[PDB]
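Here we start with a single chain on its own, the form deposited in one PDB entry, put down as structure tokens.
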């Protein structure tokens, strides 16, 4: 049948797992939008897999490109009618953007945050950077505070291009803040921000999470936040080490996981690492909580090379799910060394480096 031929054609182009649902998700997204960035967004499939599906549909005559937009052909409209694939409806809450939390009480914080981060360091390609919107950062504080994880708590920030530590300083909630980053620009900027605010209880240092954390970072914190790369190795280096910073049971962890650069097959492996290797429980998984500001190095990335139509994104297409985890009896972090180079950031499903 029609669908077997499509799936077979997609498997020729990628090693990323392909199911009938993969094809449905892309076809549903195409009926909603012709923008290739938005098709990745609305399908919730990883970009390289979406490209393979779009290329397969293009080759078999189910889609055409017109004005740099992917549209269903006559044969494409027959296919979606035959298989009952409608356009993907969206009922995301317009007030909270689907975040579950409203930031009406943090209007002063948002205002202060925007002004102090006016000249924030722009995203570096080498360190897989892309900062979230000011509204996302404030929503993170609201979320973390609503779960009782900030007020009088010792908070660890593993990597901080998002400048969550700056928002945490302005909130006045933590007892103390620890923040690290491989990028010198961010540690200097956060130090400058702390000096301007007059914030005493912050420890800032440069560090490569390829190395094991020193003793002063281990077993001494109540909450951690990180927004990591999505190789399984990077999950251990960022989230795993984040769990190692926590004192013991009853401590929290916050991090983003995309559908843009991780398939649901990798989600299963990531969740198995969390539940089996680190013994933590996942308390929340919130769709598109984090909205990322578009990054200037887009044209130098794998995504730009892969895409059949190459136009700079016109909106914030890239989003991630917010994970919350909590430690229990028998939880543990990651304390071993990692020696990979670019494979920390890059795998078959990644495209934004």
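Definition used throughout: the rigid core is the maximal C-alpha set that superposes within 1.5 Å between two forms. Residue numbers count along the first chain shown, from 1.
Novice: Would you say residue 102 is missing from a third or more of the other compared entries?
Specialist: no, residue 102 modelled in all other entries.
Novice: Taking only the other compared entries that model residues on either side of residue 20, decide whether it is unmodelled in at least a third of them.
Specialist: no, residue 20 modelled in all other entries.
Novice: Tell me which stretch, 240-248 or 89-97, has the higher mean Cα B-factor listed in the entry.
Specialist: Mean C-alpha B-factor is greater for 89-97.
Novice: Which is higher on average in the deposited entry, the C-alpha temperature factors of 15-23 or of 333-341?
Specialist: Higher of the two, by average CA B-factor, is 333-341.
Novice: Quick one: which of 264, 158, 155, 197 has the biggest Cα B-factor according to the entry?
Specialist: If I rank 264, 158, 155, 197 by C-alpha B-factor, first place goes to 197.
Novice: Among the choices 204, 281, 257, 273, identify the one whose CA B-factor in the record is greatest.
Specialist: When the deposited C-alpha B-factors of 204, 281, 257, 273 are compared, 204 is largest.
Novice: Comparing residue 211 with the other modelled residues of its chain, is its CA B-factor in the lowest, middle or highest third?
Specialist: Highest third, going by the recorded CA B-factors of the chain.
Novice: Would you check the entry's CA temperature factor for residue 103 and let me know if it's in the chain's lowest, middle or highest third?
Specialist: Answer is highest: the recorded C-alpha B-factor places it there.
Novice: Compared with the other modelled residues in the chain, in which third is the CA B-factor of residue 228?
Specialist: Within its chain, residue 228 is a lowest-third residue by C-alpha B-factor, going by the deposited values.
Novice: Comparing against every modelled residue in the chain, figure out the third that the C-alpha B-factor of residue 163 lands in (lowest, middle or highest).
Specialist: For residue 163, the deposited C-alpha B-factor lands in the middle third.
Novice: Ranking the modelled residues of this chain by C-alpha B-factor as given in the entry, is residue 120 in the lowest, middle or highest third?
Specialist: Residue 120: CA B-factor falls in the highest third of its chain.
The form deposited in another entry is left out here; the points below concern that form.
Novice: Which one moved? Candidates are 126, 283, 107, 73, criterion is a Cα shift of 2 Å or more between the shown form and the other one after superposing on the core.
Specialist: Of all the options, the C-alpha that shifts by at least 2 Å belongs to 126.
Novice: How about residue 308 - superposed on the rigid core, does its CA move between the shown form and the other one by 2 Å or more?
Specialist: After core superposition, the displacement of the residue 308 C-alpha between the shown form and the other one reaches the 2 Å mark, so yes.
Novice: Given a superposition on the rigid core, I'd like a yes or no on whether residue 341 shifts its C-alpha by 2 Å or more between the shown form and the other one.
Specialist: After core superposition, the C-alpha of residue 341 moves 2 Å or more between the shown form and the other one.
Novice: Superposing on the rigid core, is the Cα displacement of residue 150 between the shown form and the other one 2 Å or more?
Specialist: It does not reach a 2 Å shift.
Novice: Classify the change in Cα distance between residue 127 and residue 292 in that other deposited form as closer or farther, relative to the shown form (magnitude of 3 Å or more).
Specialist: Here the pair is farther apart than in that other deposited form; there, closer.
Novice: In that other deposited form, the Cα separation between residue 45 and residue 308 changes by 3 Å or more relative to the shown form; did it shrink or grow?
Specialist: So the answer is farther.
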